[PDB]
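This report concerns only the one structure given below.
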Amino acid sequence: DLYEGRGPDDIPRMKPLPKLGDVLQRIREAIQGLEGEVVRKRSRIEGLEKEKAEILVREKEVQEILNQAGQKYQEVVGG
Amino acid sequence: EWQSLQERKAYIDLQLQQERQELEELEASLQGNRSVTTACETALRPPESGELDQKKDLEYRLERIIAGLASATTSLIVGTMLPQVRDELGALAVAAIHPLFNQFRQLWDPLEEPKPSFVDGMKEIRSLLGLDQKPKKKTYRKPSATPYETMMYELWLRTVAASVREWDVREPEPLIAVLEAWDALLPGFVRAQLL
């Protein structure tokens, strides 16, 4: 302990104290950034859900078109 | 066309699941940070002290701050606390304690009062201060000490040196009592200089 105390390399160079208001502002800024990231992820999830709904509507339309084509082919074959 | 729509829907569902997981994680982190900020604001806005003496009122305020910091450290899980948040809390505690220690050390006599009012809180929060932690020694550059450690070094070691110069050599019992009381939070450099 005494060797590290008296050591010119081991006696550390000092620096001043922090700012509590700046620390609180940094914490609040990190919280707001996390909230913005959550909002962006929620908007992306909503857009992906809308795209999935549009894809389901397109798949239903394609299935209806295929059923109509098959019914027309069956009617033509019967005629 | 149906296969293309199914592939697009599967990709959209995977993206939605990933975005929902990211949103849940970010919301949990934001809620934790908001709770930490609310606790910090509650600690920063404490009740007033009825002590008439300025030194006694500052000692009571420092004791209340140290008790609140110790309660917050006990409530927060060590495994659930991020290292960045821990360093921010330690720096904030150092900044809050340094002006109070500067205002109190002028009116504090280390010979008359070997043990201060907030010495127990300082001994409890020494783990948060980092004295109990092992030092981080580099290979080439000398490591600058902690903020609270360096502030304690400067102010407390200067006050202890002033007390050692002022006190009589023939009666070292009060100085030894002060050293024994404050030796828990005293860093090695300050202890070596005082010795």
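In this analysis, Cβ positions are derived from the backbone assuming ideal geometry, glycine residues included, and neighbour counts consider all displayed protein chains. Each value in this text was obtained by applying a stated rule to the coordinates, not by laboratory testing.
The Cα atoms of the stretch B:1-155 define a convex hull whose projected area, averaged across directions, is 14.9 nm². Return the subset of B:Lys56/B:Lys136; A:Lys19/B:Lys142; B:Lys56/B:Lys134; A:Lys15/B:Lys137; B:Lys55/B:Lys123; B:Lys115/B:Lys142 for which the Cα-Cα distance in this structure is over 27 Å, preserving the input order. Checking Cα-Cα distances, B:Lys56/B:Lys136; B:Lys56/B:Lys134; B:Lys115/B:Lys142 exceed 27 Å. Net charge dipole, chain A: roughly 260 debye, given to the nearest 20, about the Cα centre with Cβ charges of +1 for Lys and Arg and -1 for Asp and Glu.
On a per residue basis, the convex hull of the C-alpha atoms belonging to the protein assembly as shown measures out at 164 Å³.
If you look at the Cα atoms of the stretch B:72-195, you get an Rg and a Dmax of 15.8, 53 Å. Taking GluC sites (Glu not before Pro) across the stretch B:86-195, the ones in a DSSP loop with at most 12 further Cβ atoms lying within 10 angstrom of their Cβ are B:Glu112.
Derived value for the stretch B:1-74: Kirkwood hydrodynamic radius 16.6 Å. Basis is the mean of 1/r over every pair of different alpha-carbon atoms. Neighbours of B:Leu5, meaning other residues whose beta-carbon lies under 13 angstrom from its beta-carbon, give a summed charge of -3 when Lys and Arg score +1 and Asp and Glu score -1. Of all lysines in the structure, the ones whose alpha carbon falls short of 23 Å from that of A:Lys52, not counting any fewer than 8 places away in one chain, are A:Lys41, A:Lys60, B:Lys9.
Distance from the alpha carbon centroid of the stretch A:1-30 to that of the stretch B:102-151 works out to 11 angstrom.
Computed over the Cα atoms of chain A, the ratio of the radius of gyration to the Kirkwood radius (Rg/Rh) comes to 1.71. Loop-located chymotrypsin sites (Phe, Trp or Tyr not before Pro) in the stretch B:50-141 (DSSP state not H, G, I, E or B) with no more than 12 neighbouring Cβ atoms inside 10 Å: B:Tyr140. Between B:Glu48 and B:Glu24, the contour length at 0.36 nm per residue exceeds the alpha carbon distance by 4.6 nm. With helices as the sole contributors, chain A gives -29500 deg cm²/dmol at 222 nm; each DSSP H run of n ≥ 4 counts as -39500 (n - 2.57), and the sum is divided by every residue.
Comparing A:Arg40, A:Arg13, A:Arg28 in a Gaussian network model of chain A, where Cα atoms under 10 Å apart are tied by springs, the biggest mean-square fluctuation is seen for A:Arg13.
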